[PDB]
Amino acid sequence: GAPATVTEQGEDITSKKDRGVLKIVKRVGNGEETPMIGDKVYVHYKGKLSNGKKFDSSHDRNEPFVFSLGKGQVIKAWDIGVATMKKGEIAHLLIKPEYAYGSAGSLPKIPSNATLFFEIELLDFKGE
Ligand SMILES: COc1cc([C@@H](C(=O)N2CCCC[C@H]2C(=O)OCc2cnc(C)s2)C2CCCCC2)cc(OC)c1OC
């Protein structure tokens, strides 16, 4: 379903161009601008293992997820991916382990060599 579409049609947003991170824009945002590295970004997300066996949403906690973009505080795929988004945009990310938690994984939530999928909504951003 969503994951497969992304494999087929997603844009490669890696620097190395290794298809480790593919993206589809599902809902177009507003503004002419994305956040700059170091901006504080506010997102909602729904995340799962590509095989659907563990799931997670910021909506489960009724709290936006906040981080400083491109500052290495989260998995690489997020730093790279959210930086491509506009305010109000929803995007689908499909993420090979090298841009997530690699072979070590992070048990018990994430196993070795797991592909991740996220729907992310970029609610807002500010250059703090
Ligand atoms: C390995 O740690 C965790 C990872 C995540 C999710 C995850 O991988 N996240 C959370 C959303 C931000 C991207 C990515 C991550 O960088 O996690 C490190 C965390 C930063 N802040 C957190 C509360 S977890 C994971 C995505 C696929 C379905 C399984 C959950 C949520 C977690 O708890 C909500 C978590 O435990 C702290």
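Position 1 is the first residue of the sequence; numbering continues from there. As the structure lists them, so they are numbered: ligands from 1, and atoms in each ligand from 1.
Judged by the 6.0 Å and 45° rule, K48 forms a cation-pi pair with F117.
The shortest heavy-atom distance from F67 to ligand 1 is not under 4.0 Å. Distances from ligand 1 to the non-hydrogen atoms of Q73 include no value under 4.0 Å.
Ligand-side atoms of ligand 1 in range of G47: 27 (C), 28 (C), range being under 4.0 angstrom from any heavy atom. Of all atoms in ligand 1, listed by their number and element, those nearer than 4.0 Å to a heavy atom of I75 are 16 (O). Residue-ligand proximity, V74 to ligand 1, at heavy-atom distances under 4.0 Å covers atoms 16 (O). Within ligand 1, the atoms closer than 4.0 Å to a non-hydrogen atom of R61 are 34 (C), numbered from 1 in the order shown. Atoms of ligand 1 lying under 4.0 Å from any heavy atom of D56, numbered from 1 in the order shown and given with element: 5 (C), 6 (C), 30 (C), 31 (C), 34 (C). Those atoms of ligand 1 that come under 4.0 Å of a heavy atom in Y45, given as number and element, are 10 (C), 11 (C).
With sequence neighbours left out, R27 forms a side-chain hydrogen bond (donor to acceptor under 3.5 Å, both in side chains) with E121.
Applying the 4.5 Å side-chain rule to ILVMFWY residues, one finds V28 in the same cluster as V25.
Listed for the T34 side chain is a donor-acceptor partner under 3.5 Å among the backbone atoms of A83. Side-chain N or O atoms of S57 include one that pairs as donor or acceptor with a backbone N or O of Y45 at under 3.5 Å.
At a heavy-atom distance under 4.0 Å, only backbone atoms of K48 (N, CA, C or O) approach ligand 1.
A donor-acceptor contact closer than 3.5 angstrom links the side chains of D18 and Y99.
Here atom 9 (N) of ligand 1 lies nearest to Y101 when heavy atoms of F117, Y101, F65 are compared.
Nearest heavy atom pair, residue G81 against residue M85, reads O-CG, 3.5 Å.
Every N/O-N/O distance between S106 and ligand 1 stays at or above 3.5 Å.
A salt bridge links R61 to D56: one of the charged nitrogens lies within less than 4.0 Å of a carboxylate oxygen.
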